[PDB]
> 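Below is the structure I would like to discuss, written out as structure tokens.
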Amino acid sequence: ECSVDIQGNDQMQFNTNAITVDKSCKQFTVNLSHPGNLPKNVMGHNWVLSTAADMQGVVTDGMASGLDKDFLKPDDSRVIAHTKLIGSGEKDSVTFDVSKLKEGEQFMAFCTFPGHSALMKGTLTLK
Ligand SMILES: [Cu+2]
């Protein structure tokens, strides 16, 4: 129980707004998929993890980075883990070390495609 399957869809939502990572896990894996019909340049989604304090800067700088950079500032030290940006019918996975998390803190998981984090934002918590 050290992975989660996340979908981002044409309605600009992930399937979850709260991810729990079992603290017995040494690594955690997010398997993102896009069950919609819309292409990456219209309704692209990524899955990006940061602290709550860093989310807004990652989102804003991501928009400024452009589609060709997956709407994610390259080499952003604030990004704990992230997938690539995907469109309809694609999938992407990322694994990260659970040592990057700590109990008692709600981390933020979000998409940086412009506008999406109005809905595509939620918490991740080690329990
Ligand atoms: Cu998105």
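Nothing fancy with the numbering, it's 1 onward along the sequence.
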> What I'd like to find out is whether the side chain of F28 reaches to under 4.5 Å of the side chain of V4, using heavy atoms alone.
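In contact.
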
> Ignoring hydrogens and geometry, is there a side-chain-to-backbone donor-acceptor pair from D10 to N37 under 3.5 Å?
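Pair found, side chain donor or acceptor close to backbone of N37.
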
> Counting N and O atoms only, with roles assigned by atom type, does the side chain of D70 sit under 3.5 Å from a partner on the main chain of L72, one being a donor and the other an acceptor?
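Checked: no pair found.
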
> Heavy atoms only: give me the nearest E1-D22 pair and the separation to one decimal.
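Heavy atoms of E1 and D22 come nearest at O-CB, 3.9 Å.
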
> Checking the side chain of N46 only, and the main-chain atoms of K84 only, is there a donor and an acceptor separated by less than 3.5 Å?
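The answer is no, because no donor-acceptor pair under 3.5 Å joins these two groups.
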
> For the backbone of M120 and the side chain of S117, can you confirm whether one donor and one acceptor N or O come within less than 3.5 Å of each other?
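Answer holds: no.
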
> What closest approach, in Å, do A52 and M108 show between heavy atoms, and which atom pair accounts for it?
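Of all heavy-atom pairs spanning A52 and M108, the closest is CA-CG, 3.7 Å.
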
> Taking atom CH2 of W47 and atom OG1 of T16, what is their separation to the nearest 0.5 Å?
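These two atoms lie 10.5 Å from each other.
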
> Indicate, with yes or no, if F14 and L124 share a hydrophobic cluster defined by side-chain heavy-atom contacts under 4.5 Å among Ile, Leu, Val, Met, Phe, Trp and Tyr.
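As far as the 4.5 Å side-chain criterion goes, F14 and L124 are connected within one cluster.
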
> Between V21 and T125, does the side chain to side chain contact (heavy atoms under 4.5 Å, CB included) criterion hold? Intermediate values first, please.
CA-CA 6 Å; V21 175; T125 310; over 6 Å; no

> Quick check for you: to the nearest 0.5 Å, what is the distance between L49 atom CG and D54 atom CG?
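Reported to 0.5 Å precision, the distance equals 10.5 Å.
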
> How close do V94 and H82 get, counting heavy atoms only, and between which atoms?
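Heavy-atom minimum between the residues: CG2-O, 3.3 Å.
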
> Under 3.5 Å, side chain of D97 to main-chain N/O of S99, donor-acceptor pair present?
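Between the backbone of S99 and the side chain of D97 there is no qualifying donor-acceptor contact (under 3.5 Å).
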
> Calculate, to the nearest 0.5 Å, the distance between atoms CG and SG belonging to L126 and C25 respectively.
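Going from CG on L126 over to SG on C25, the span is 8.5 Å.
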
> Taking the side chain as C-beta and beyond, is there a heavy-atom pair between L101 and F96 under 4.5 Å?
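Yes, at least one pair of side-chain atoms sits under 4.5 Å.
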
> Hey, is the main chain of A64 close enough, under 3.5 Å, to the side chain of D61 for a donor-acceptor pair?
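Pair absent, no side-chain N/O of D61 close to backbone of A64.
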
> Taking a hydrophobic cluster as the set of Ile, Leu, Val, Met, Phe, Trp and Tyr residues connected by side-chain heavy atoms closer than 4.5 Å, whether directly or through intermediates, do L67 and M12 fall within one such cluster?
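No, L67 does not connect to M12 through the hydrophobic network.
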
> I'd like to know if the side chain of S88 and the backbone of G36 have a donor-acceptor N/O pair within less than 3.5 Å.
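Yes, because the side chain of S88 sits within donor-acceptor range (under 3.5 Å) of the backbone of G36.
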
> To the nearest 0.5 Å, what is the distance between CD1 (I80) and OG1 (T51)?
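Answer for the CD1-OG1 pair, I80 versus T51, is 6.0 Å.
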
> Do other residues, nucleotides or ligands put more than 12 heavy atoms under 6.0 Å from the CE atom of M63?
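Check fails, neighbour count at 12 or below.
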
> Which heavy atom of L85 sits nearest to which heavy atom of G44, and what is that distance?
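Answer, listing the atom of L85 first, then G44: CD1-C, 3.7 Å.
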
> Enter the distance from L32:CG to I6:CD1 here, rounded to the nearest 0.5 Å.
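Here the interatomic distance stands at 7.5 Å.
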
> What's the separation between atom CZ in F107 and atom NZ in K100, rounded to the nearest 0.5 Å?
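Reported to 0.5 Å precision, the distance equals 11.5 Å.
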
> For the pair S3 and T29, evaluate side-chain hydrogen bond (donor to acceptor under 3.5 Å, both in side chains) and give the outcome as yes or no after the intermediate values.
CA-CA 4 Å; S3 67; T29 299; over 6 Å; no

> Would you call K127 and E103 a side-chain contact if the rule is heavy atoms closer than 4.5 Å?
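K127 does not reach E103 side chain to side chain.
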
> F110 versus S50: any side-chain heavy-atom pair under 4.5 Å?
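Answer yes - side chains close enough.
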
> List the steps, then state whether side chain to side chain contact (heavy atoms under 4.5 Å, CB included) holds for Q11 with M43.
CA-CA 9 Å; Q11 284 194 318; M43 181 58 64; over 6 Å; no

> Between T123 and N17, is the side chain to side chain contact (heavy atoms under 4.5 Å, CB included) condition met? List the steps.
CA-CA 6 Å; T123 59; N17 301 309; over 6 Å; no

> Does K102 offer a backbone N or O that forms a donor-acceptor pair with the side chain of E105 under 3.5 Å?
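Pair absent, no side-chain N/O of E105 close to backbone of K102.
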
> Is the ring pair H45/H34 parallel, tilted or perpendicular, if the boundaries are 30 and 60 degrees?
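Judged by the thresholds at 30° and 60°, the geometry between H45 and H34 is parallel.
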
